[PDB]
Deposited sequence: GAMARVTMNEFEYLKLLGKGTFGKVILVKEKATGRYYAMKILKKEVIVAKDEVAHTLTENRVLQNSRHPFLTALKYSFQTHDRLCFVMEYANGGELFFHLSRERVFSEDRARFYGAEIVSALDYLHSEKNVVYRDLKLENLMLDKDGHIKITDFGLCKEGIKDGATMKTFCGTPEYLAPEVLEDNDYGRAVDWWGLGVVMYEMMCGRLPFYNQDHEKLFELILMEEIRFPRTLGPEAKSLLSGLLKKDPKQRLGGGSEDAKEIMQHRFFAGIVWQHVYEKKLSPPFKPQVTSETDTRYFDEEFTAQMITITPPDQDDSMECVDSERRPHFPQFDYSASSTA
């Protein structure tokens, strides 16, 4: 039976719109985790309840080498706590920022891992991820991808079933989402297109600081590439960033298999991707189990405290949530 008292709170790893993530040590075991901490009050007030419960569900129901693994979820009278594996390599942005562009080989390696994870979610879990953006990609201590943040997932989506919720970050929205006339699972391949584009090209495929103008570009503007980009990369990215999901790579009944067989991935053995038999091109150079070199000092410098008999309280501002009683089976 796990509570807040079972952990030592070490360093702030980041803050998002709805809460914060702390590097913790489980005292009993000496193991290190990233604890995501949400205020019930804030979740309720910002209408983030449904997303939070979706994230909780999808984490409990999924086991994949490239999806962040949940160890515990539990709740206090005022908090919801996700204890997850600590992705020691930080956010991919940290790296991509600094290096400007990844090589095609390194993007290919990350792209394959992301395809592997999305194929599992689509094929095995009937889940559409919907939130594929650079910010949701981290690296584990070995340099393998971890997709994080499952709040915008859609469950129970089998084959060609459609969704209609308008959601996702403005720069990353697929044309059919902006059309707002229903969309399907190929929205994830649009997202793979955008992140692989950022990795290889060093910038978003489409950008304007005005959203109306950004949305016009996403919908209408043909993709362009820096002229150093190799032909196969350009072919992959053009196929992923087709405006019409029916013409998009991965947009047909074969889903991920169409992307897996693209010649950009020639020579990749997909079972070996899954088994982590491809050596990462970058290994995080962390020197301890608590090294936070791949996290922003803006966050890690900050002080941590217990806030910034109530076991059964179930109020409107602070509900007693279902399924926050989770400890992964050993």
Please list, in sequence order, every stretch of the deposited sequence that lacks C-alpha coordinates. 1-4, 313-317, 340-341
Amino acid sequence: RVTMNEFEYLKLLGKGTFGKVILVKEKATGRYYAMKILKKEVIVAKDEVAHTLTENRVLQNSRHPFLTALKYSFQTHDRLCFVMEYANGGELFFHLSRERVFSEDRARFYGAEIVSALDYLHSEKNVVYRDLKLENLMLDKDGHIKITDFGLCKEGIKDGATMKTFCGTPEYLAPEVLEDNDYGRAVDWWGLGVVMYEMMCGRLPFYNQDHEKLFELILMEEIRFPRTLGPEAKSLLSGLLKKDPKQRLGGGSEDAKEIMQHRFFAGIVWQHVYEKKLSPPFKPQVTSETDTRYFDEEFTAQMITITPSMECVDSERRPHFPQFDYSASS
From here on, numbers count along this sequence of modelled residues.
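Take the two forms, superpose them, and find the largest set of C-alpha atoms that agree within 1.5 Å; that set is the rigid core.
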Returned stretch for higher CA RMS in 5 other deposited structures of this protein, core superposition, given 119-127 and 208-216, is 208-216
Relative to this form, superposed by the core, which stretch has the greater CA RMS in 5 other deposited structures of this protein: 318-326 or 21-29? 318-326
I'd like to know whether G14, which is modelled here, goes unmodelled in a third or more of the other compared entries that cover its flanking residues. no
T305: gap in at least one third of other compared structures: yes
Higher mean Cα B-factor in the deposited model: 40-48 or 26-34? 40-48
Report the stretch with the higher mean CA temperature factor, choosing between 172-180 and 155-163 on the basis of the entry. 155-163
In terms of the chain's CA B-factor thirds, is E113 lowest, middle or highest? lowest
Could you say whether, by C-alpha temperature factor, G267 belongs to the lowest, middle or highest third of its chain? highest
Report the third (lowest, middle or highest) to which the CA temperature factor of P226 belongs, ranking only the modelled residues of the same chain. middle
Among the modelled residues of its chain, the C-alpha B-factor of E99 falls in the third labelled highest
Using the temperature factors of the C-alpha atoms in this entry, rank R79 within its chain: lowest, middle or highest third. highest
